[PDB]
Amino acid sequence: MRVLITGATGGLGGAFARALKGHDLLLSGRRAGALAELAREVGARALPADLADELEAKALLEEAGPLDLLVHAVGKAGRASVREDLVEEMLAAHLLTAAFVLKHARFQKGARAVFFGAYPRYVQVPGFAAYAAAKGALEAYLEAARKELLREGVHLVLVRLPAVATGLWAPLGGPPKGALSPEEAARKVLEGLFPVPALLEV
């Protein structure tokens, strides 16, 4: 399959990249150095970019060509009260990257496009309003776009993951207790994706 993994330089992205290395893989991220080495390690193509910049997102997708699978493991985290530019940074990282990618992506019929939201009860708490808002927006955006994409034969998949041990938690003091290994989260997602008709009578 032709696979594009954005956020490839992140915790989840890297797990997905190694789990899918047998495919025609394209990896994208902001840290070019880290990106190039991972791509080389898994035999993929490295195409660095800032997906919050629509022109860069557009050039990435036009270059990638028709995709069978897209995994947008893009995001950023932050903690702050609403009473004292985090909101804009969060929306840019989570929503704009996804919106620009989804708008310019070339898809094969039957393709799947995976995005990551969040369990409402877990993020909609003091200190995470900005993050919660960004994910609330992303999920709403995708649900609305759902029928539009299906018309093109593309299936949008919204993933809700529990805490995962990655660098995302760096500015938050590290992952919480019991956070899944990124490899395990990717395995479960890929497993959630893996029922085909046994008999087709035309």
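Throughout, we count residues from 1 along the sequence that is shown.
Where coordinates are absent for parts of the deposited sequence, a chain break appears; between neighbours residue 194 and residue 195 it spans 1 to 3 residues. In terms of unmodelled positions of the deposited sequence, the stretch from residue 84 to residue 85 in this entry skips 1 to 3 residues. Mean CA B-factor, 144-152 versus 160-168: the higher value falls on 144-152.
In this entry, the higher average B-factor at the C-alpha atoms falls on 173-181, of the pair 173-181 and 62-70. Looking at 125, 96, 111, 105, the one whose CA carries the top B-factor in the deposited record is 125. Per the PDB record, residue ranking by Cα B-factor puts residue 32 in the middle third of the chain.
Per the deposited record, the Cα B-factor of residue 55 falls in the highest third when ranked against the other modelled residues of its chain. Among the modelled residues of its chain, residue 117 has a C-alpha B-factor that falls in the middle third according to the deposited record.
Split the chain's modelled residues into thirds by C-alpha temperature factor. Residue 189 is in the middle one. Split the chain's modelled residues into thirds by C-alpha temperature factor. Residue 4 is in the lowest one.
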